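A.B. asks: Build the 3D model from these lines:
(7 chains)
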Amino acid sequence: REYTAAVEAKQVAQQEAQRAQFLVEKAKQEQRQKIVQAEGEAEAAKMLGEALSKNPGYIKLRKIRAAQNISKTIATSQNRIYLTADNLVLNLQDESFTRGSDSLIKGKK
Amino acid sequence: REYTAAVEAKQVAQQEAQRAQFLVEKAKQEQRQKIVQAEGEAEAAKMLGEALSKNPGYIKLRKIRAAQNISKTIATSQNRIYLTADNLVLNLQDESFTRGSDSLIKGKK
Amino acid sequence: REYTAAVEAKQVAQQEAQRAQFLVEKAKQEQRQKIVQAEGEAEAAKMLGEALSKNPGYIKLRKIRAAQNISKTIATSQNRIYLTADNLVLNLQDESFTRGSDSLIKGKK
Amino acid sequence: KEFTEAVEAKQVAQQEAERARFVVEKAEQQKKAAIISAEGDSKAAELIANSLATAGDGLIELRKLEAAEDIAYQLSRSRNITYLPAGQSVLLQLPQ
Amino acid sequence: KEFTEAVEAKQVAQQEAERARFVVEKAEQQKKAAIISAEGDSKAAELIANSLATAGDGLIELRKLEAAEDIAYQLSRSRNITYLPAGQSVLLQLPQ
Amino acid sequence: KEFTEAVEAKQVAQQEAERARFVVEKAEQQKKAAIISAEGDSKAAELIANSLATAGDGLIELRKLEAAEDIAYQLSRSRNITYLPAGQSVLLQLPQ
Amino acid sequence: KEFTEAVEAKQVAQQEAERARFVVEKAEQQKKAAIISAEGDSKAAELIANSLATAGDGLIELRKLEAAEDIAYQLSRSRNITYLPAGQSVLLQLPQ
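C.D. replies: Residues are numbered from 1 along each chain as shown, chains lettered A, B, ... in the order given. The structure is reproduced below:
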């Protein structure tokens, strides 16, 4: 079973070493394609880095809008979870109520 | 199957690269459409900063009103979020009653 | 049972020990085969080490993007998990909010 | 079975390698498209960033408050969502 | 029975040994090709690493925010997953 | 048979392209009108923001009261109500 | 019963002594064979350590992470897996 199988495997492995350098080429083309897919991801990466790493203005607002896209997606989310209480600062009558978001005075944030 | 598919896909790929420049135009248009969704968001942003970076007043008041609205739709929310003891002070008799209600003092807010 | 079994074992073992030095050879070729499969892996590894060891830019973004890939997979996941909720940092009214994504300023990440 | 399959794979792979040179071209074009769409999103975002940086954190927090209504709106289409205060020593113990 | 089995194994070992020497050569070609698919991925990764090192952590955090939406999208196709604070004395429990 | 279906899908994509042309125009229009619908709701916000930056939270005190009556009737539906502490090292076990 | 069995064990144990002589002649060879298959694994590994030392933790990390796609592909056939943050007072519990 494995004797003729291995001999034919050696011959087809000559053929497939030729076709495996050919795979170098073809999967190189699919490599550029997948590079380019994850590099549209990466151009999102660049764009957002240059835009919002100097100072996260919309990365602040995207902590926000993407915690809310996460929690516009928490519908699927059976997930038990825990945010923090001083996050939603449901501390309405508190000293640290607007320690949470008088951090709007930049420096606390 | 993948041979005829590949060749037809190469010809369709030439015509679809032309249509892909057309797609670049169409996606600049979608660029504008989502630019503007979050730029109505951003009109809110630019003005809310100019009116609150002075001192977060509607942001104080909108932590309060977003806590109120968060409660308000916690009503329909099954969420086993909570609050806890002693800020909305319903230790209705307490110093903390004058440290959650007198927490409204500026400096403590 | 064990007498004839042992005698046939010894004879079959003479020819099988010839066959098993021959297995040193055979398993050596399988050795190099497994070597080169996990070397596709390994030189992907060398290349990624030049990609990332210099600076964990995509090590950071891939902690996170593998988070999201692992997550697209955690669809099937039952695995009961945690965050540190200051990881997405959904801290939707908080100072620690803009400590999570003022880590955008390189150095805290 | 691997001989004819290997020959057809080589032929299909040459067709796909030329088609994939043109698909790397298509990928540059489709990335113009995807960059510009994800940047519909993200250029809306950068103009929001400019608004919040020049004006301050106004709607940083106020879409952290308006969209914080989304928390109470949308947390418990499931049944186990909640939170836990910080600056403290919480004994976190997730529900069952 | 082990007699014929082991002799057949000897002949199979000869053919597999020569086979596998050339499988190692074909695997030099295929290691290049697999490095190349992993290059699709990993070279997207080189350009991402360069992009983020040059431009800070924008999408380090914004695939931690934008594609963190994936976390809510996916975490819960089962019913016992969660995400939960720290920076405290959190004394985690996990459920039945 | 499947060729007709594939051509139909291609035509559907082309019709989405036309719809996106008219989304171009709709995008011009809500440029104007979404910027300024913001302007409206948002200037309710401008002045409340200034009024309060000067003094502090005035209207959801009175409307903790008024919106208590009304939408905290819409909260007297909220089955589980508790009321948080803070300013101390608060530590918690919570509902399952 | 143990008289005939004892005599049989006597003779068969001497035969197994000689069979041991050549079973670990065979097992000089079989130690080598198993050594060498595990060496295929472990020399993929020697040069993997070489690749990730001459280059670094790139894919020491990313065949954690690209392979964490596999973490999630493989874990979930089970239904009680977890991963829970450090920097806390975790009293980690387990499900039922």
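A.B. asks: counting residues per helix, which one in chain A is longest?
C.D. replies: Ranked by residue count and defined by DSSP state H, the top helix of chain A is helix A:2-52.
A.B. asks: An error on my part: the question was meant for chain D.
C.D. replies: helix D:2-55.
A.B. asks: What is that helix packed up against?
C.D. replies: helix A:2-52, helix A:57-70, helix B:2-52, helix D:58-62 (3 or more C-beta pairs under 8 Å, 6 or more residues apart in numbering or on different chains; DSSP states H and E). C-beta here means a position set from N, CA and C on the backbone, and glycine is covered the same way.
A.B. asks: before we move on, the earlier item: is the longest helix of chain A up against chain C anywhere?
C.D. replies: Yes: counting by C-beta under 8 Å from any C-beta of the partner chain, chain C has neighbours in helix A:2-52: A:41, A:45, A:52.
A.B. asks: So what's the residue count around residue A:44?
C.D. replies: 24 (other C-beta atoms under 10 Å in any protein chain shown).
A.B. asks: Quick check: it vs chain E, distance?
C.D. replies: 6 Å (C-beta to the nearest C-beta, to the nearest Å).
A.B. asks: I would like the residues contacting stretch D:46-54, please.
C.D. replies: With C-beta atoms under 8 Å, 6 or more residues apart in numbering or on different chains as the test, stretch D:46-54 has contacts from A:47, A:51-52, A:55-61, B:35, B:38-39, B:41-43, B:45-46, B:49, D:58-60.
A.B. asks: Repeat that for stretch A:59-67.
C.D. replies: A:48, A:52-53, A:56, A:109, B:38, B:41, B:45, C:88-92, C:97-98, C:100-102, C:104, D:45, D:48-49, D:52, D:57, D:59-61, D:63-64, D:67, E:58, E:61-62, E:65-66, E:68-69.
A.B. asks: mind saving the C-alpha coords of that stretch as CSV?
C.D. replies: The C-alpha coordinates for stretch A:59-67 follow below in CSV (Å, rounded to 0.1, in the frame of the first residue of the first chain):
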residue,chain,number,x,y,z
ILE,A,59,-9.9,58.0,19.9
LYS,A,60,-11.4,59.4,23.1
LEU,A,61,-14.8,59.7,21.3
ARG,A,62,-14.2,56.2,20.0
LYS,A,63,-13.5,54.7,23.3
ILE,A,64,-16.9,56.2,23.5
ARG,A,65,-18.7,55.4,20.2
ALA,A,66,-17.1,51.9,20.1
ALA,A,67,-17.9,51.0,23.7
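A.B. asks: How far away from the center of its chain is that stretch?
C.D. replies: Distance of stretch A:59-67 from the chain centroid (C-alpha atoms, centre = their mean, to the nearest Å) equals 15 Å.
A.B. asks: Distance check, the closest residue to residue D:57 other than its chain neighbours against residue B:87.
C.D. replies: Closest residue to residue D:57 apart from its sequence neighbours, by C-beta to C-beta, 6 or more residues apart in numbering or on different chains: residue A:104 at 4.5 Å. Per C-beta to C-beta, to the nearest Å, residue A:104 is found 20 Å from residue B:87.
A.B. asks: With residue D:92 instead?
C.D. replies: From residue D:92 over to residue B:87 the distance is 20 Å, taken as C-beta to C-beta.
A.B. asks: repeat for residue D:53
C.D. replies: Residue D:53 is 32 Å from residue B:87, by C-beta to C-beta.
A.B. asks: Between these two, which has more neighbouring residues?
C.D. replies: Using other C-beta under 10 Å, the more surrounded residue of residue D:53 and residue B:87 is residue B:87, with 29 against 21.
A.B. asks: thought that one was touching residue F:88?
C.D. replies: No: with contact defined as C-beta atoms under 8 Å, residue B:87 does not reach residue F:88; the gap is 10.3 Å.
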